[PDB]
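**Q** Below you will find the structure I want to go over with you.
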Amino acid sequence: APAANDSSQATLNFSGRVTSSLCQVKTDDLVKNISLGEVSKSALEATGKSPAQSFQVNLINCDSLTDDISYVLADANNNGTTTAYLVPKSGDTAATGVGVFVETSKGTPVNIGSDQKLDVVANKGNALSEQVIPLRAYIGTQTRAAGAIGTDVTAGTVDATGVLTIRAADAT
Amino acid sequence: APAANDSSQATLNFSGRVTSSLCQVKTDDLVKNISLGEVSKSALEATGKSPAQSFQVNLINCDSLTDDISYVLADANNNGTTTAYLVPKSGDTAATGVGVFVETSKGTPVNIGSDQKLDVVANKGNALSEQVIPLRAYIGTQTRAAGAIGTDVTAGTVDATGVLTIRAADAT
Amino acid sequence: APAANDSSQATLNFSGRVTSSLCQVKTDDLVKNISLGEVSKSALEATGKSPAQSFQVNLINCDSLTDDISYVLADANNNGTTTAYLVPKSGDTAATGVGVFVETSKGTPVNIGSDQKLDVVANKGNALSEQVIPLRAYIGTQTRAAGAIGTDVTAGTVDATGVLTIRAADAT
Amino acid sequence: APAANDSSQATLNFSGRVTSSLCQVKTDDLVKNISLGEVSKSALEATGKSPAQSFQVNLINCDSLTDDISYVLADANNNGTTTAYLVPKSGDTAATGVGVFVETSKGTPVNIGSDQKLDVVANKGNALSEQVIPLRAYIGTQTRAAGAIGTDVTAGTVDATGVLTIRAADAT
Amino acid sequence: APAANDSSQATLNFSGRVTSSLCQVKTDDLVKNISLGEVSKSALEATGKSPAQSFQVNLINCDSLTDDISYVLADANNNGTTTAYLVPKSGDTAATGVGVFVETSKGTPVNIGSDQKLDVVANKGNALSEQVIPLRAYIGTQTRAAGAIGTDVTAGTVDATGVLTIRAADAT
Amino acid sequence: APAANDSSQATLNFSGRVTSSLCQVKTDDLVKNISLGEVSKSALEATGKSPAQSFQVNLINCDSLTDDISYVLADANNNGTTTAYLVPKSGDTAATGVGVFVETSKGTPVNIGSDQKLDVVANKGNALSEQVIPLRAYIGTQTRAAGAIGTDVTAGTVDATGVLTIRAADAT
Amino acid sequence: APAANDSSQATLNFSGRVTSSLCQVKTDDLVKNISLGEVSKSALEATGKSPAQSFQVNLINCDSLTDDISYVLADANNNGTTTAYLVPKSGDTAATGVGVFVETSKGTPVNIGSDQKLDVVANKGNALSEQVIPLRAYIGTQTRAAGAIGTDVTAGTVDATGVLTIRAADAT
């Protein structure tokens, strides 16, 4: 007779990548969930910004001979270098009139699609295995000035996603 | 020839809000994880409760003109005001006959869906930025009386979720 | 017109249990973080160990009639009784060939999965409320002998997870 | 019938490292919490600094043949040697225009990422087990001059994190 | 080949503030650990109090032109002016029906959230650098009268927290 | 606009208890720090002990009707009645094979966990307010005999913690 | 029902050491508190010093076969042997431009890090039980010359700490 369908299963979906870079991105940092604050009414009408939150992307197991490291912040919901911010995704509750700005830890803006340079940490000519890219981010009005709810800005959720492309190689 | 698929990426999912309130909820208080105790057998049969744990929800960057602040405790797994506790979620190991009761720091019950009042702290008429909502919660039997395991309660984990809605606004 | 999505929210995730034991575990001890030392090269090559650190797990609100308390040490990353240590987790920076050993405060090895006995401290036949389990732990080589970096051990981080199951019951 | 989920558990998370240095870092110095003062308004307008506080990093169980010890101060929220201070993290209540300057106990500035040398204490050619790194720290204005709250500084909290990498080796 | 993860490190978490006050609070008075007595049975039943202990909060480096100094005692586990005591925190062993009353060194009660005044010690018109706030505290029943363990009070621990906000300003 | 975070603050963490005993423990004796000597090489090889130091535990504000007083010595790093000494805590520098032996002021041994009797000092049928518990202690080898460093003992620090549970009652 | 938390507790934290030296350091001398003078304006501008104060260090229970005693003064807030003084610890009230100079009872400077020789006092070939190290100490300008407050020296408190390592051995 046909065999009975009484098996107990567990499905394991593995995933990964093969890359040409010399430095991994830490397995816990391949998908970040950076939680910015709330653009309350008072802050919105006063300065048009929320306080900036710091975060990092950690490289790990870098090659000893790594010489140059550079990264690019490319928006995953837009194309072109005309916008300074990251455009949030639309949806049922999406809030219109705001965007997510990213900056370097000292306040220098990070432009979309423009590559920055990272300085390798070396000890006696060998690069250390762990290296860190420090960054900032905050929600602000698209016009970079105070806004009033309903005139230009609207209340709701903000969900924006960016992608960092990292290129660690040996110069010569 | 087609370009090689050899890039190294990190995905940065930002999130936030835009609200009409005048006070932020502190960025690390947007998702609490309050760990209550264990309702051991002796405690369950003696008075049917666990000792209550204290916790706070901190507001920050409040507007100077904030005058009236209120909050509402709402359940994520139930609707209506007929129930006094927060209903635990169900699952493989969830326990039956148990609920989560929340209270103010002095022991006055915090009913679901009924708004409370928070007294604002001000210095010379201008509210201080940082303001706190103190609360307290314990796991107890639904009947609010002692009860052994088997007859009405069953061993397992207790996981419940509440949601506080906070409305800081200027009276006039 | 449809309502505006402009609420300010805080999420409160309560968690707990309902057990069959007579004794609680102190709410601060449901998740321990014991920070063992560093197995430097000198101590690695000398005896293959680090100095042993001490830690405790406190029971509280025990029942007056508690007659017997026993506990079992179980591993979160291995099965059976064929190993003496706790196998570290694996990751980008995990070190290989080292494990974590746990001992009673006097140096009696604590085996994995074998019941230990805890003497209840009493006052005139009624057990006190608070009772303590003292333990000790160190990082060592799996072979339990000196060993250099390269031949068997490699440098990295060490993370291990055990779980104590405590059974306070009244014999009769 | 299926077993009941009524076990009482305590979770033990052990952690540590394995290294290549010949000296341990004292188990309680692996994570410091230095509490610099408060940069009051008077001291801010006078010289833009707070009084320098002292702290230590203790090495223990050094090797008898330890010949050379060097330590490097790396900032955990910035890259490169473009800055003399440690850039504070950002947040809801962070203060702008401020940084944390570190120094040797005698007032010699400690630059970021540049190797220092530590003299080993010896008794007849054998290094003593314990050896101490003394340091200073103070909160100061980024421009290294007086500055009023409003024009360049703003009131708030200062949190900075630096990392000391200690390398003990035997020259020959 | 990838670099090896063999660094030995120490983490330094600096912290601090920036304020608009003219006076510092002494760096070791930013967090007091005041140890009140033990409310024995005899003392509890006689007058429902423990003998009151003294403590101080020292300001330092005040401004030569400091003129007006005020402080406010704010409770960290309650809001409003309804209560005279600091509400103890709740937990596994906390004691019910008890509070922590604060007073001036002479015995005048200190109410929560009500401005007090401090006289500034001056020498020829210029305020001295160091100035002191002497206080007193005791653990007494909530009803302010005798009470036995069982009927209203219960044995346990008493942890309570207040926060002093000091405002030293130049009136003119 | 949002209020500024420019407050200067002091935190006051009060602590205490509510007990069932009639006698307080003097608030300075709740946490003793008793310094024993140094077990030198000569005294270690001669008799394996250090000269015994004396200390006290003071009770104050005893009830007039106090009739019976008792106390017990309990170890904080060990269990049971097998061992006659207090097991030292483990750490980077802890010494092996030595313990702390406690004795009555005359030289009688005080065994762990077995209650002693304290005579109540009275004046005309009513107990005096203050009553003292005199004790003694020293560091000595666990074998209670001579022992050399290297063979069984090892040079290091010694930290041990006992706990005195005092039970003053009115028998009748 | 769960037992009540009503015990009365006293905590005894013992401490000590096991050493290899033949002589104990007298238990009252393990932590000296030497109180130097005040460097007033007159002495500061005359010679930049305060009068030397005499202190003492007692050794007790020496072995009868002791033959060679040597002691080294090590600073606990500095490293190396370039400085002749002990660098004061920094803080809110510390004074700049000042240092502590230590000397032998006859005026011979005691350089930090270099061994000194103590002569054993014997009676018929056997060392006495008690032996003494006499010393001096004074606060002086770091330039070892007259200084003026407000130019190279600032008024304030001076706190410094040294550590004598004492090594008593039997030559043959």
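Virtual Cβ from ideal backbone geometry, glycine too; neighbours counted across all protein chains shown. Each reported figure results from applying straightforward, stated rules to the coordinates on display, with no laboratory input.
**Q** Test B:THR108 against the stated conditions and say whether it is polar (S, T, N, Q), out of contact with any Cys (no Cβ under 6 Å at 6 or more places or on another chain) and more than 17 Å from E:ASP75 (Cβ to Cβ).
**A** So B:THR108 does not fit the description; no.
**Q** Could you list, in sequence order, the residues of segment B:31-40 that are hydroxyl-bearing (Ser, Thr, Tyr) and either farther than 19 Å from B:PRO134 by Cβ or part of a loop (DSSP other than H, G, I, E, B) (or both)?
**A** The answer is B:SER40, and nothing else.
**Q** May I pose another question? Consider C:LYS117 carefully, then state whether it is in a strand (DSSP E or B), within 28 Å of B:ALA155 (Cβ to Cβ), of a type outside the set (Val, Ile, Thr) and within 14 Å of chain B (Cβ to nearest Cβ).
**A** When the stated conditions are applied, C:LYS117 does not pass them.
**Q** Next question, about the same structure. With respect to C:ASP28, is the statement that it is under 24 Å from G:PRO2 (Cα atoms), free of Cβ contacts under 8 Å to residues at least 60 places away in the same chain, touching a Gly at 6+ places or on another chain (Cβ under 9 Å) and not in a strand (DSSP E or B) true?
**A** For C:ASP28, the condition - under 24 Å from G:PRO2 (Cα atoms), free of Cβ contacts under 8 Å to residues at least 60 places away in the same chain, touching a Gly at 6+ places or on another chain (Cβ under 9 Å) and not in a strand (DSSP E or B) - is met.
**Q** Which residues, counting only those in segment C:48-81, are more than 28 Å from D:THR27 (Cβ to Cβ), among the polar types (S, T, N, Q) and within 19 Å of the chain's Cα centre (by Cα)?
**A** If the condition is that a residue be more than 28 Å from D:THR27 (Cβ to Cβ), among the polar types (S, T, N, Q) and within 19 Å of the chain's Cα centre (by Cα), then C:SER70, C:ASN79, C:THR81 are the ones that fit.
**Q** When the residues of segment E:70-88 are narrowed to those that are among the hydrophobic types (A, V, I, L, M, F, W, C) and assigned to a loop (DSSP other than H, G, I, E, B), which ends up farthest from the other protein chains (Cβ to nearest Cβ)?
**A** Checked segment E:70-88; the qualifying residue farthest from the other protein chains (Cβ to nearest Cβ) is E:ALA84.
**Q** Which condition number does C:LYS106 fail, the rest of (1) touching a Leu at 6+ places or on another chain (Cβ under 9 Å); (2) under 30 Å from D:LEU59 (Cβ atoms) being met?
**A** Among (1) touching a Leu at 6+ places or on another chain (Cβ under 9 Å); (2) under 30 Å from D:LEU59 (Cβ atoms), the lone unmet condition for C:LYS106 is (1).
**Q** Of all residues in segment D:41-69, which are in contact with an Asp or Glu (Cβ under 8 Å, 6 or more places away or on another chain), under 24 Å from D:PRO109 (Cα atoms) and assigned to a loop (DSSP other than H, G, I, E, B)?
**A** Those that are in contact with an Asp or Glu (Cβ under 8 Å, 6 or more places away or on another chain), under 24 Å from D:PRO109 (Cα atoms) and assigned to a loop (DSSP other than H, G, I, E, B): D:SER50, D:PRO51, D:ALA52.
**Q** Specify the residue that is nearest to the chain's Cα centre (by Cα); the eligible residues are those in segment C:4-47 that are within 14 Å of chain A (Cβ to nearest Cβ) and of a type in the set (A, V, I, L, M, F, W, C).
**A** Residue satisfying both the conditions and the ranking: C:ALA10.
**Q** Considering only residues of segment D:143-167 that are more than 14 Å from chain F (Cβ to nearest Cβ) and farther than 30 Å from D:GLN131 by Cβ, which is surrounded by the fewest Cβ atoms within 10 Å (Cβ to Cβ)?
**A** D:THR151
**Q** Which residue is nearest to A:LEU65 (Cα to Cα), if the candidates are limited to segment A:130-153 and must be touching a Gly at 6+ places or on another chain (Cβ under 6 Å) and not in a strand (DSSP E or B)?
**A** A:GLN142
**Q** Write out, first by first residue and then by second, each pair whose Cβ atoms fall under 6 Å of each other, whose residues are 6+ apart or on separate chains, and whose first residue, in segment F:52-74, is acidic (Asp, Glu) while the second is part of a strand (DSSP E or B).
**A** F:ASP68/F:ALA169
**Q** Can you tell which of E:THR141, E:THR154, E:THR165 is closer than 30 Å to C:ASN61 by Cβ and touching a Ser or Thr at 6+ places or on another chain (Cβ under 8 Å)?
**A** E:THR154
**Q** Is it the case that F:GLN131 is crowded, with 19+ Cβ neighbours inside 10 Å and within 25 Å of C:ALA137 (Cβ to Cβ)?
**A** no
**Q** Out of all the residues in segment F:89-102, which are in contact (Cβ under 8 Å) with a residue 24 or more places away in the chain, farther than 15 Å from F:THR143 by Cα and either within 7 Å of another protein chain (Cβ to nearest Cβ) or not β-branched (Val, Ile, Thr) (or both)?
**A** Scanning segment F:89-102 gives F:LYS89, F:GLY91, F:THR93, F:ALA94.
**Q** May I pose another question? Being touching a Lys or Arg at 6+ places or on another chain (Cβ under 7 Å) and crowded, with 19+ Cβ neighbours inside 10 Å narrows it down to one of F:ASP63, F:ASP92, F:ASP29, F:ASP75, so name that one.
**A** None of the others qualify; the one that does is F:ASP92.
**Q** Taking segment G:10-25, which residues are among the hydrophobic types (A, V, I, L, M, F, W, C) and either touching a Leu at 6+ places or on another chain (Cβ under 7 Å) or in a strand (DSSP E or B) (or both)?
**A** The answer is G:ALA10, G:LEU12, G:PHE14, G:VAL18, G:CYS23, G:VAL25.
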